[PDB]
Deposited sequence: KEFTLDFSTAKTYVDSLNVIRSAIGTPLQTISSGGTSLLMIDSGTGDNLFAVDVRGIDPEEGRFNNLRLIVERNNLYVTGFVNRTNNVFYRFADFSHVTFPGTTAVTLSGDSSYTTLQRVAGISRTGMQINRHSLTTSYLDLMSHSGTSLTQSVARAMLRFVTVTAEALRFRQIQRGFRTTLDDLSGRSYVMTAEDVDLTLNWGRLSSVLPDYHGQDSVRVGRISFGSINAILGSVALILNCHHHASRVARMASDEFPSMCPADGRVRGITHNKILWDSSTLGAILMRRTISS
């Protein structure tokens, strides 16, 4: 129930994410190649919350160690942050009844969805930039926060940490892309591409279709398209168990359909087959 996310080097960062994925998910031997397996969130034994401690923003001296993110497990909802200084856990409005041991709790005015974080934040995820500088900044903003309101500064700080923790946790594609600005000395910066966003909007539908996988040439869901098993594992690292609102589509409306060696999610197939 306590994990660490070391932002010290691209190696400590990636090694951190891997520890948490092995801890909450089990390999689907069905989708595997190169000693990398697609993992599925082990949702069989109840839902719980866990803390993720942010460490390593300032690798030099290590001051910025008072940020802690509370994460739900079966859907990896980031329910909010905890300022380890006064131990107040600020949770999003859509989790008004969530509590974490050892903390007092303050409810924020806005909810967790991206629609809200993007309004308040004043920016969009597509084109959003991230590097150690913006992360150092985003830490101070949350730390110097007190109060009820979801301020532009908090929304921007959360868009960023939600991307490098939960989104990265789910997609090797987002970790691969971000990873490198941690070792880059010149302070480049990772830019969240539209393809990266398209991925995040299709987690539920993918999680639903992927276990139906049995060697088709390709898998198509929405705007996301995979050419082979390797294109998949290079992109998705963790899926939901669709055998706290569940992120899985509403039972029996998203089934994978296979035609001519290509695996489709049925909502996508259905929507494009209507010729007028």
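Colleague: Which deposited-sequence positions, grouped into ranges, are missing C-alpha coordinates?
Modeller: No C-alpha for residues 244-256, 290-293.
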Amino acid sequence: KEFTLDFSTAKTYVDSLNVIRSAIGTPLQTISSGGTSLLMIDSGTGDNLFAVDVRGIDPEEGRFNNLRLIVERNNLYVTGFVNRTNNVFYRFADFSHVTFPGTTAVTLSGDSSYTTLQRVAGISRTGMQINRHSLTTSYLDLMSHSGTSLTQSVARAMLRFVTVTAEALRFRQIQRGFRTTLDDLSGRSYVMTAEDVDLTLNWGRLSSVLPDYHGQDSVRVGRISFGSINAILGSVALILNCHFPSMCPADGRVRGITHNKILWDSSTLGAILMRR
From here on, numbers count along this sequence of modelled residues.
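Colleague: Averaged over C-alpha atoms, is the B-factor higher for 41-49 or for 219-227 in this PDB entry?
Modeller: Looking at the recorded C-alpha B-factors, 41-49 comes out higher on average.
Colleague: State which stretch shows the higher mean Cα B factor in the entry: 190-198 or 104-112.
Modeller: Stretch with the greater average CA B-factor: 104-112.
Colleague: In the PDB entry, which of 70, 240, 232, 28 has its C-alpha at the highest B-factor?
Modeller: Largest recorded C-alpha B-factor: 28.
Colleague: At the C-alpha atoms, which of 118, 163, 144, 79 reaches the highest B-factor in this entry?
Modeller: In the PDB entry, the greatest C-alpha B-factor among 118, 163, 144, 79 is found at 144.
Colleague: Is residue 253 in the lowest, middle or highest third of its chain when residues are ranked by C-alpha B-factor?
Modeller: Highest third of the chain for residue 253's C-alpha B-factor.
Colleague: What third of its chain's C-alpha B-factors does residue 154 belong to: lowest, middle or highest?
Modeller: It falls in the middle third of the chain.
Colleague: Should residue 136 be placed in the lowest, middle or highest third of its chain by the C-alpha B factor in the entry?
Modeller: Highest third - that is where residue 136 ends up once the chain's C-alpha B-factors are sorted.
Colleague: Comparing residue 259 with the other modelled residues of its chain, is its CA B-factor in the lowest, middle or highest third?
Modeller: For residue 259, the deposited C-alpha B-factor lands in the lowest third.
Colleague: Classify residue 207 as lowest, middle or highest third according to the C-alpha B-factor given in the PDB entry, relative to its own chain.
Modeller: Its C-alpha B-factor, which the entry lists for residue 207, ranks in the lowest third among residues of this chain.
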